[PDB]
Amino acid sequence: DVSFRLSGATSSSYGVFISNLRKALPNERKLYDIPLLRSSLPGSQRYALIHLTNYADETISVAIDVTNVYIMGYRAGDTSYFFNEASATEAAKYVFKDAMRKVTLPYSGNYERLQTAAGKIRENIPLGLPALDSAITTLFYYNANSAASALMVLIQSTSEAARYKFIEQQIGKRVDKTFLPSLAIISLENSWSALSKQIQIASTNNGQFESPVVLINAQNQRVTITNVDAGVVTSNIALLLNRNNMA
C-alpha cells in the first residue's frame, strides 16, 4: 500500500508520495526510459490501495487498477464506494471485501460523466494540497451532490500526477493555497492514451509518431507533437499505458 498524510505535508512529501505510487505499479519494459504498464494481471495482482489522511486525521482508502492507474472506488470506514462501470464491479471482487455497506455510484469514472455530474468543468475546479484535504473530507462524509467534484480532485491529485511530472509538480507546489488548472494540464490529461500509443509506435518507427498529438503548452498555444525528442516525451510523461488497453 502507499500512504499520504496531509497534516504536515510539504512539496517534498507529496513528491515522495507520487514516487512511491509510481513504484507500486508493475512494468516489464521501459520505452525511452518510461515505464510501460502491463496489459493484463490476475485479480490478486491487479489492484493497489492508497491511504489518504486529511488535516482532521480522517482517512479514506482508494483502490487503483495498476494496469491503467484508474481509480476504481474508495472506502470510508465500513462503507465502500465503486464507480458504476464494468471494471469497477470486477474490482469489487478483490478489494474492500470486509466492508459492511457497498454503494455503487451513479456514474462511471470518466471525466465527461463526472463533469456533468459535478456541473463544473475541470478548469474551474481548484487543485492543490488544501483542495485534496477538502476532497477527502467530502468523500469521507459522503454527500452525493459534492462527490463528483471531489472525485475529480482525487483523480487529478493521484492518477494524473502519477502519469505526468508536470502535473505532480504543479499540484505539489500548492501546499497552503489552491489553483485552477491551465489548459496545459487539461490537454495532458486528455492525451495520455494517445501519447502512450504513439510512443510505443515510435519505438518501432525510428522515434517518429505515426499520428501527431496536439497539446496545449504553458503559453496556451496548440503545439503538434510528432516524435520522442519532444519535451513532453523526454521530460514529462512518466508512465505509458500499454497499447493493449488502447482499443
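In case it trips you up, residue 1 is the first one in the sequence shown, and so on.
Across the two stretches, 33 to 41 and 200 to 208, the PDB entry reports the greater mean Cα temperature factor for 200 to 208.
In this entry, 93 to 101 has the higher mean Cα B-factor, the comparison being between 107 to 115 and 93 to 101.
Of the residues listed, 247, 240, 6, 2, the entry assigns the biggest Cα temperature factor to 247.
Out of 138, 124, 157, 84, it is 84 whose C-alpha atom has the highest B-factor in the PDB entry. Remark: residue 223 belongs to the middle third of its chain, ranked by C-alpha B-factor as recorded.
Ranked within its chain, residue 120 lands in the highest third, by CA B factor from the PDB record. Looking at the C-alpha B-factors along this chain, the one for residue 213 belongs to the middle third. Placement of the Cα temperature factor of residue 12 within the chain: lowest third of the modelled residues, per the deposited record. Annotation for residue 66: CA B-factor lies in the middle third of the chain's modelled residues.
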